[PDB]
Amino acid sequence: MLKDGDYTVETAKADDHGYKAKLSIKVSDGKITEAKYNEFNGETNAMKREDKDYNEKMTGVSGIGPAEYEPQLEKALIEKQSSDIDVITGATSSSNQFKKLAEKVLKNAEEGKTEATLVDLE
């Protein structure tokens with residue numbers, strides 16, 4: 028049972044490249060209705076999906092960047108209504124990071140915990 032409301036979870040600390048990740052959801056009538064996920068610079072708050080060079084090199088290497096994978100992860104969450112989503116080929120790292128934040132944000136929705144919590148991936 029998901030208590031309605033807004034829930035936000037965030038990584039406790041920036042990863043090895045200085046990015047943190049944030050997942051927000053909105054639950055209405057017990058259903059995940061909105062999902063917002065962003066990797067971003069801990070200090071400057073610049074969003075990774077807005078970074079052209081970071082993406083292009085990424086579309087280039089694996090075939091897919093934040094600009095593409097973040098909105099996909101968001102939708103798959105809404106479609107599945109659970110953290111158990113399929114990883115996205117070429118963005119396995121973010122899929123797994125995303126999955127951990129979804130597990131924790133969904134637990135909070137169950138307890139109806141209002142405050143944003145930190146998730147320690149490291």
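Quick note: the sequence shown, position 77, residue 104 per the authors' numbering, numbers continuous. Note that the Cβ used here is the ideal one computed from N, Cα and C, for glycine as well.
| query | Can you tell me where the alpha helix (DSSP H) with residue 86 in it begins and where it stops? | reply | Here residue 86 is taken as the residue at index 59 of the sequence shown, counted from 1. 79-89 is the extent of the alpha helix (DSSP H) around residue 86.
| query | To the nearest angstrom, how far is it from the Cα of residue 135 to the Cα of residue 116? | reply | Counting from one through the sequence shown, the residue named residue 135 turns up at place 108. Counting from one through the sequence shown, the residue named residue 116 turns up at place 89. Cα to Cα, the separation comes out at about 28 Å.
| task | Would you kindly check if the distance between the Cβ of residue 53 and the Cβ of residue 35 is under 8 Å? | result | Walking along the sequence shown from the start, residue 35 turns up at place 8. Walking along the sequence shown from the start, residue 53 turns up at place 26. No.
| task | Give every residue of the same chain whose Cβ lies closer than 7 Å to the Cβ of residue 108, excluding the five residues on either side of it in the sequence, and list them in chain order. | result | Here residue 108 refers to the residue found at position 81 of the sequence shown. Cβ within range, chain order: 58, 59.
| query | Comparing alpha-carbon positions, which option in 79, 83, 38 lies nearest residue 148? | reply | Here residue 148 corresponds to residue number 121 of the sequence shown, with the count starting at 1. Residue 148 has its Cα closest to that of 38, out of 79, 83, 38.
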